[PDB]
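Protein chains in written order, with this note's numbering: chain X, 309 to 505; chain Y, 23 to 71; chain L, 1284 to 1410; chain B, 408 to 579; chain S, 57 to 162.
We put the CB at the ideal spot given by N, CA and C, even for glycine.
To start, the structure under review is shown below, and the notes come after it.
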RNA sequence: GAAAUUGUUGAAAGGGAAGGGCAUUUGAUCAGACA
RNA sequence: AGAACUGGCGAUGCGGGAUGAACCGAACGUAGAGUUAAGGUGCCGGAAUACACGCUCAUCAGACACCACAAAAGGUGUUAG
RNA sequence: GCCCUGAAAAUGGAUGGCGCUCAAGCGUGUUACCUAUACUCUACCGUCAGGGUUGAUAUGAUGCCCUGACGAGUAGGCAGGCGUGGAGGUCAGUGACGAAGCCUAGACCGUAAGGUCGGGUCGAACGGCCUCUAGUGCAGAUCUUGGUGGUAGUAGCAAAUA
RNA sequence: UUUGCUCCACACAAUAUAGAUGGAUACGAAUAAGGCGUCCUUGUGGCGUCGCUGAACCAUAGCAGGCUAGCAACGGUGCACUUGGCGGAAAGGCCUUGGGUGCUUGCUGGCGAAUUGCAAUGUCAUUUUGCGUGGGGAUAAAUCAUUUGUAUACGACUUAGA
Ligand SMILES: [Mg+2]
Ligand SMILES: [Mg+2]
Ligand SMILES: [Mg+2]
Ligand SMILES: [Mg+2]
Ligand SMILES: [Mg+2]
Ligand SMILES: [Mg+2]
Ligand SMILES: [Mg+2]
Ligand SMILES: [Mg+2]
Ligand SMILES: [Mg+2]
Ligand SMILES: [Mg+2]
Ligand SMILES: [Mg+2]
Ligand SMILES: [Mg+2]
Ligand SMILES: [Mg+2]
Ligand SMILES: [Mg+2]
Ligand SMILES: [Mg+2]
Ligand SMILES: [Mg+2]
Ligand SMILES: [Mg+2]
Ligand SMILES: [Mg+2]
Ligand SMILES: [Mg+2]
Ligand SMILES: [Mg+2]
Ligand SMILES: [Mg+2]
Ligand SMILES: [Mg+2]
Ligand SMILES: [Mg+2]
Ligand SMILES: [Mg+2]
Ligand SMILES: [Mg+2]
Ligand SMILES: [Mg+2]
Ligand SMILES: [Mg+2]
Ligand SMILES: [Mg+2]
Ligand SMILES: [Mg+2]
Ligand SMILES: [Mg+2]
Ligand SMILES: [Mg+2]
Ligand SMILES: [Mg+2]
Ligand SMILES: [Mg+2]
Ligand SMILES: [Mg+2]
Ligand SMILES: [Mg+2]
Ligand SMILES: [Mg+2]
Ligand SMILES: [Mg+2]
Ligand SMILES: [Mg+2]
Ligand SMILES: [Mg+2]
Ligand SMILES: [Mg+2]
Ligand SMILES: [Mg+2]
Ligand SMILES: [Mg+2]
Ligand SMILES: [Mg+2]
Ligand SMILES: [Mg+2]
Ligand SMILES: [Mg+2]
Ligand SMILES: [Mg+2]
Ligand SMILES: [Mg+2]
Ligand SMILES: [Mg+2]
Ligand SMILES: [Mg+2]
Ligand SMILES: [Mg+2]
Ligand SMILES: [Mg+2]
Ligand SMILES: [Mg+2]
Ligand SMILES: [Mg+2]
Ligand SMILES: [Mg+2]
Ligand SMILES: [Mg+2]
């Protein structure tokens, strides 16, 4: 559809967001994902916290370096969910993964670009209302992630500036609609209506 | 089988690897928590033993 | 110039090399059939080399034809060459490898006059 | 077992010299096709009389159609079933628009609640509960209260493309 | 104009395959904007170009093209099967491709 | 004056072996047939 | 460990059961087009993040025959009787 | 019924992995869809079988032509063939104007054993066909004899005063 | 060591390419609730309206887009300049001023297009590098050997030397 698709992680379910991100790559679609700290997992926080420590104990006995690596960051928790859905040990697999970028927050370029969403992984459309679920950022911070507060600080800063942008814009688009209206009832305008516009 | 007799291990795994350091000048891996009320000054100093 | 014929269909151009002929020098590529008891090849496990078998045999109609349509025929002298006088559209003369240089030009020359195709004119050609 | 039709089946003990014109028994049978229906018939019949298909004859098979297929109706349903550890009679109530719909969801319910597959179930009786207040199960009664209305809160529209440019909304 | 495009964009997905065995003689193609087998019936028979580049000029160009045709639809979500004159290289899994509008039937 | 095995030159490839099968890209290389 | 009848493996690849002598499907000349089996169709991975009614929330949930285990006994968790 | 307790083992780890909770879970139903060396249709190969055809004046009667069905395979049987050394016949065969041999990700024929050619190297002999003959075909035998590697510029070359 | 380096400009030459072919089109937050307009007492406020998909919005006509004329507008837009300002999460981009300049399909005109032969991607992207030309700019170091012992099996480390 588009050269790059930026996805607001926020309010999406890891393995569903993953499952679509994976396919998208394999089919040639570059993707970036943002706000992975605001990503969701079904199951109450404790369940996934316990789950994560399961992951923690696995390590190469003779040398904990050769062994499974545990990344604590929300983007990186995501990427794990994703990499596992990609034949990442093949050229074609290494290729697809490189069309992928994951990020906590929304760092430059991507904050002036538009982000989309993936309804078939949106939590609010998928989870039965009532079921307990989990936020990546809180999960990660529990297993070592060092940077929740900083991301939050920078985001609130970012969210302010973007509120200016919008306001500024909603102003301009009000004028536009006004103009667009004093041209209504004209011939050109009625003709277009006829043709569905 | 099982040790036979128990004894603590030999030495501390918190100091691995036990390799030569990357420099003669050990690094300050942390500084004192900042209290911005006090006047300005350093928080360390160089010297020779 | 050859008799017309149906499209020549080769069925399996790839040479059938011996198993492990690529693995140890002492094993020539010349086909040789595995007889051993456990062998993957002889048991035709998905993944290994195929073996020659009668399915691959070429169309009775185009067999022995070589690209140009002519069956080749080894030729040592003129007399030999001349056996293809009433068969120019069907056989091609190939000059034997031990024919001398000066004999090759006598053969080539006659072949021309008879309109007989030669498959290796250029052999020993004092160019 | 699928999507049922209801059949009247009629059979009767192959005639004999000393008993020409034996007696004729009918069963209503919910099955998905007439072949299964004739099987079921013989199944219960050898459970009641001394016959089996070998020595008997199906006389007539006819699909019965719902009398008022767009009339909402309160069905009282009676069932015999086998569990893992014993066998059990049971009464359920189903509200729908035809005996054929009703038996579809009973088999659904029996399977979903008691893990009863089709083989292990016996319809005793399906009949239209005429006067309300001889309706007994609440989960039905609930739908008879006057001027009933309810919202359908938290609306989930199915997305047709993978990406969306909005953030949805479940207003409804 | 800014647009000149007379084809429809498309993607080389996989070969035809089992779980563990693929068949290079059939490629599977995702056609932009086609979602159903019915939808994809329109494109059956349309011809398909995979267009690539190279270092050696040849018949005076540095652009070569593999040609093929859509042959049948594939599964439930608008994917389509295709054959090509020579099977496509498999590095192309995930590369673009053009489906033309000819042979026309409108 | 073969082979194992070696030096040089030229070309290629190489993220914990290598070699193989079906298929095609790319490079190199080549037969035939046109009239 | 030892018999009975058949079907197999041994002597046999192919598809499925991740894996595997014996299970399931199906037995093999070289190939094109079609259709299927058993088994599958979120992604790995070809194939509906299909439809439909229930049930289930596990601070060690569960997830498909052979098969890679669990029992007596209990629960005022919840479901239907 | 599902769930919970009852439920303890040794390297870190397995519903196949990711991950999934109005499921991507459990019970059940309805469609569609994917894909085996299997099924249907078609070409080609081979095997077996049934026909047809001695009529000259041209080329295979073990032939030529039509038709149908079939094709797994250890041990094992049989068959039709490939290749070597020597022997009878023959082609008045090849050859110092270069035999044989050897080399060659060059060509061509055969399903295959193998066969043919080109180029290079070489230097005295050699082959096709019908027969005859056997000291006749190698990857193995802790096979025989010879030759050669990795190991490796490695172990080491340090007793007896200098 | 034979005039080398760098930044801008063009030029030739190579080499590539995980895959341009109108546009990645920017609040936040909630989902048992929101967006937008409007009013007012500025609030968890009144009133109005929208959703039910981006099937949208924007752009889009001209030799892949030629050469030309005019009118109505004073708008749009490309480009190099200049004014003020904002952006450090990876800012390396955004906004604003002012003249200049090209285009305008807002409307109306003159000319052109064939023979690429009934299709053949019919070649319009961007990667990295190499070689000369001349427009700005800049004129080091590391290593060996020597040496110290805060170091050391050898390398390595740490000093020192116009
Ligand atoms: Mg102990
Ligand atoms: Mg170091
Ligand atoms: Mg052998
Ligand atoms: Mg063995
Ligand atoms: Mg065996
Ligand atoms: Mg009735
Ligand atoms: Mg010599
Ligand atoms: Mg090479
Ligand atoms: Mg190949
Ligand atoms: Mg059996
Ligand atoms: Mg045995
Ligand atoms: Mg078998
Ligand atoms: Mg298999
Ligand atoms: Mg298993
Ligand atoms: Mg995987
Ligand atoms: Mg798929
Ligand atoms: Mg469907
Ligand atoms: Mg069982
Ligand atoms: Mg119990
Ligand atoms: Mg209970
Ligand atoms: Mg298991
Ligand atoms: Mg799975
Ligand atoms: Mg189910
Ligand atoms: Mg076949
Ligand atoms: Mg057949
Ligand atoms: Mg056989
Ligand atoms: Mg047999
Ligand atoms: Mg012989
Ligand atoms: Mg002999
Ligand atoms: Mg001898
Ligand atoms: Mg060689
Ligand atoms: Mg030749
Ligand atoms: Mg020569
Ligand atoms: Mg010679
Ligand atoms: Mg001599
Ligand atoms: Mg003989
Ligand atoms: Mg012998
Ligand atoms: Mg052997
Ligand atoms: Mg040997
Ligand atoms: Mg042997
Ligand atoms: Mg030996
Ligand atoms: Mg030796
Ligand atoms: Mg030495
Ligand atoms: Mg030494
Ligand atoms: Mg010693
Ligand atoms: Mg001494
Ligand atoms: Mg590439
Ligand atoms: Mg409102
Ligand atoms: Mg407002
Ligand atoms: Mg209000
Ligand atoms: Mg819009
Ligand atoms: Mg113009
Ligand atoms: Mg970035
Ligand atoms: Mg004009
Ligand atoms: Mg210069």
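Helix, strand or coil at residue 453 of chain B [DSSP, three-state]: Residue numbering aside, residue 453 of chain B sits at position 46 when the fourth chain is read from its first letter. Reduced to three states, the DSSP call for residue 453 of chain B is coil.
Restricting to runs no shorter than 3 residues, where is the beta strand (DSSP E) found entirely within the region 332-398 of chain X? Runs of the beta strand (DSSP E) inside the region 332-398 of chain X: 338-342 and 348-350.
- Just how far apart, CA to CA, sit residue 310 of chain X and residue 544 of chain B? Position 2 of the first chain, counting from 1, holds the residue named residue 310 of chain X. Position 137 of the fourth chain, counting from 1, holds the residue named residue 544 of chain B. Approximately 56 angstroms, taken between the alpha carbons.
**Message:** For chain B, check one thing: does any of its Cβ atoms lie closer than 8 angstroms to the Cβ of residue 328 of chain X?
**Reply:** The residue given as residue 328 of chain X occupies position 20 in the first chain. With 8 angstroms as the cut-off, residue 328 of chain X counts as an interface residue toward chain B.
| query | Candidates X/489, X/456 and X/491: which alpha carbon is nearest residue 380 of chain X's? | reply | Translated into positions along the first chain, residue 380 of chain X becomes position 72. For residue 380 of chain X, the closest C-alpha among the options X/489, X/456 and X/491 is that of X/456.
From the DSSP output, in three-state form, read off residue 90 of chain S for me. The residue given as residue 90 of chain S occupies position 34 in the fifth chain. Residue 90 of chain S falls in the coil class under three-state DSSP.
Mind checking if residue 335 of chain X is an interface residue toward chain S, Cβ cutoff 8 angstroms exclusive? What you label residue 335 of chain X is simply residue 27 of the first chain in a count that begins at 1. Put simply, the CB of residue 335 of chain X is near chain S, with a gap under 8 angstroms to one of its CB atoms.
task: List the endpoints of the continuous alpha helix (DSSP H) containing residue 445 of chain X.
output: Sequence index remark: in the first chain, residue 445 of chain X carries index 137 (1-based). Where residue 445 of chain X is concerned, the enclosing alpha helix (DSSP H) starts and stops at 444-451.
Check the Cβ-Cβ distances between residue 311 of chain X and every residue of chain B, and say whether any is below 8 angstroms. Within the first chain, the letter at position 3 stands for residue 311 of chain X. Residue 311 of chain X does not count as touching chain B.
- Is the CB-CB distance between residue 118 of chain S and residue 139 of chain S below 8 angstroms? Residue 118 of chain S sits at position 62 when you count from the first residue of the fifth chain. Residue 139 of chain S sits at position 83 when you count from the first residue of the fifth chain. In this structure, residue 139 of chain S does not lie closer than 8 angstroms to residue 118 of chain S by Cβ.
Check: Taking Cβ-Cβ distances below 7 angstroms as the criterion, which residues of the region 417-447 of chain X are in contact with chain S?
Finding: Across the region 417-447 of chain X, no CB contact with chain S closer than 7 angstroms is found for any residue.
Legend entry - Inter-residue spacing [alpha-carbon to alpha-carbon] between residue 1288 of chain L and residue 1294 of chain L: Indexing the third chain from 1 puts residue 1288 of chain L at position 5. Indexing the third chain from 1 puts residue 1294 of chain L at position 11. In this structure, the CA atom of residue 1288 of chain L is about 17 angstroms from the CA atom of residue 1294 of chain L.
- Item | Residues from the region 391-412 of chain X in contact with chain S, defined by Cβ distance under 9 angstroms | In summary, the residues of the region 391-412 of chain X whose CB is separated from some CB of chain S by less than 9 angstroms are 399, 400, 403, 404 and 407, in the order they occur in the chain.
Exercise. Within its chain, find whatever has a CB closer than 8 angstroms to the CB of residue 387 of chain X; leave out the 5 residues flanking it on each side and keep chain order.
Key: For the purposes of this step, residue 387 of chain X is taken as residue 79 along the first chain, with counting starting at 1. The beta carbon of residue 387 of chain X is closer than 8 angstroms to those of 379, 408 and 410 in its chain, skipping five residues each way along the sequence.
Using 7 angstroms as the cut-off, classify the Cβ of residue 443 of chain B as near or not near the heavy atoms of ligand 6, replying yes or no.
For the purposes of this step, residue 443 of chain B is identified with residue 36 of the fourth chain, where counting begins at 1. Remark: the C-beta of residue 443 of chain B is outside contact range of ligand 6, defined as less than 7 angstroms to any heavy atom.
Q. What is the DSSP secondary structure of residue 74 of chain S, reduced to helix, strand or coil?
A. Within the fifth chain, numbered from 1, the residue matching residue 74 of chain S stands at position 18. The answer is coil: DSSP assigns residue 74 of chain S none of H, G, I, E or B.
Open item on the list: Strictly below 9 angstroms CB to CB, what residues from chain X border residue 575 of chain B?
Closed with: Residue 575 of chain B sits at position 168 when you count from the first residue of the fourth chain. Correct list: 425, 427, 430, 432 and 433.
Ligand 3 and residue 1317 of chain L: does any heavy atom of the ligand fall closer than 7 angstroms to the residue's C-beta? Here residue 1317 of chain L is taken as the residue at index 34 of the third chain, counted from 1. Yes; taking the cut-off as 7 angstroms, the Cβ of residue 1317 of chain L has a heavy atom of ligand 3 nearer than that.
**Message:** With three or more beta-carbon pairs closer than 8 angstroms as the criterion, would you say the region 513-524 of chain B touches the region 478-498 of chain B?
**Reply:** As far as the Cβ criterion goes, the region 513-524 of chain B touches the region 478-498 of chain B, which means the pair count is three or higher.
I'd like the list of long-range same chain contacts for residue 460 of chain B, defined as Cβ closer than 7 angstroms, with 5 residues on each side in sequence excluded.
Taking the fourth chain and counting its residues from 1, the one referred to as residue 460 of chain B is at position 53. Excluding residues within five positions, the ones whose Cβ falls inside 7 angstroms are 449.
Distance, Cα to Cα, residue 468 of chain X vs residue 113 of chain S? In the first chain, residue 468 of chain X corresponds to position 160, counting from 1. In the fifth chain, residue 113 of chain S corresponds to position 57, counting from 1. Straight-line Cα distance between these residues: approximately 55 angstroms.
request  = Could you check which residue in B/471, B/508, B/558 and B/530 has the C-alpha nearest to that of residue 498 of chain B?
outcome  = In the fourth chain, residue 498 of chain B corresponds to position 91, counting from 1. Per the C-alpha coordinates, the member of B/471, B/508, B/558 and B/530 positioned closest to residue 498 of chain B is B/530.
| Which value, in whole angstroms, describes the spacing of the CA atoms of residue 538 of chain B and residue 565 of chain B? | In the fourth chain, the residue the question calls residue 538 of chain B occupies position 131. In the fourth chain, the residue the question calls residue 565 of chain B occupies position 158. The alpha-carbon atoms of residue 538 of chain B and residue 565 of chain B are separated by roughly 41 angstroms.
If residue 420 of chain B and residue 462 of chain B are in contact, beta carbons under 8 angstroms, what's the gap, nearest whole angstrom? Indexing the fourth chain from 1 puts residue 420 of chain B at position 13. Indexing the fourth chain from 1 puts residue 462 of chain B at position 55. With 8 angstroms as the limit, residue 420 of chain B and residue 462 of chain B qualify as a contact, their Cβ atoms being about 7 angstroms apart.
Looking at chain X, is there any beta carbon in it that lies within less than 8 angstroms of the beta carbon of residue 570 of chain B? Along the fourth chain, read from residue 1 onward, the residue named residue 570 of chain B stands at position 163. Yes, its Cβ sits closer than 8 angstroms to a Cβ of chain X.
Would you check whether ligand 2 has a heavy atom nearer than 7 angstroms to the C-beta of residue 44 of chain Y? Position 22 of the second chain, counted from the start, is the residue given in the question as residue 44 of chain Y. Residue 44 of chain Y Cβ: within cutoff of ligand 2.
- Query: In chain order, what residues of the same chain have a beta carbon less than 6 angstroms from the beta carbon of residue 318 of chain X, not counting five sequence neighbours either side?
  - Reply: If you number the first chain from 1, residue 318 of chain X lands on position 10. Excluding sequence neighbours, residue 318 of chain X sits near 343 and 346.
Taking the alpha-carbon positions, what's the residue 64 of chain Y to residue 433 of chain X distance?
The sequence position of residue 64 of chain Y within the second chain is 42, counting from 1. The sequence position of residue 433 of chain X within the first chain is 125, counting from 1. Rounded to whole angstroms, residue 64 of chain Y to residue 433 of chain X spans 56 angstroms at the Cα level.
field: Residues near residue 323 of chain X in its chain [Cβ-Cβ closer than 6 angstroms; skip 5 each side]
entry: The sequence position of residue 323 of chain X within the first chain is 15, counting from 1. Cβ within range, chain order: 389.
Cβ of residue 1402 of chain L within 8 angstroms of Cβ of residue 1384 of chain L? Taking the first residue of the third chain as 1, we reach residue 1402 of chain L at position 119. Taking the first residue of the third chain as 1, we reach residue 1384 of chain L at position 101. Against a cut-off of 8 angstroms, the Cβ pair of residue 1384 of chain L and residue 1402 of chain L comes out as no contact.
| Going by C-alpha distance, which of B/458, B/496, B/502 and B/484 is nearest residue 477 of chain B? | Numbered from its first residue, the fourth chain carries residue 477 of chain B at position 70. When only C-alpha atoms are compared, the closest one is B/502.
Given residue 1360 of chain L as reference, the closest of L/1379, L/1312 and L/1299 once Cα atoms are compared:
As a first step, residue 1360 of chain L is located in the third chain; it is residue number 77 there, counting from the start. Ranking L/1379, L/1312 and L/1299 by Cα distance to residue 1360 of chain L puts L/1379 first.
| said: Is it buried or exposed, residue 1366 of chain L, if we count other Cβ atoms within 10 angstroms and call 16 or more buried? | reply: Taking the third chain and counting its residues from 1, one reaches residue 1366 of chain L at position 83. With fewer than 16 other beta carbons inside 10 angstroms of its own, residue 1366 of chain L counts as exposed.
| field | Own chain residues within Cβ distance below 8 angstroms of residue 1332 of chain L, not counting five before or after | value | Taking the third chain and counting its residues from 1, one reaches residue 1332 of chain L at position 49. Excluding positions up to five away in sequence, the list reads 1299, 1300, 1302 and 1324.
Enumerated in chain order, which unbroken segments of the beta strand (DSSP E) with a length of 3 residues or greater are wholly contained in the region 462-532 of chain B? You should have 465-471, 480-489 and 494-503.
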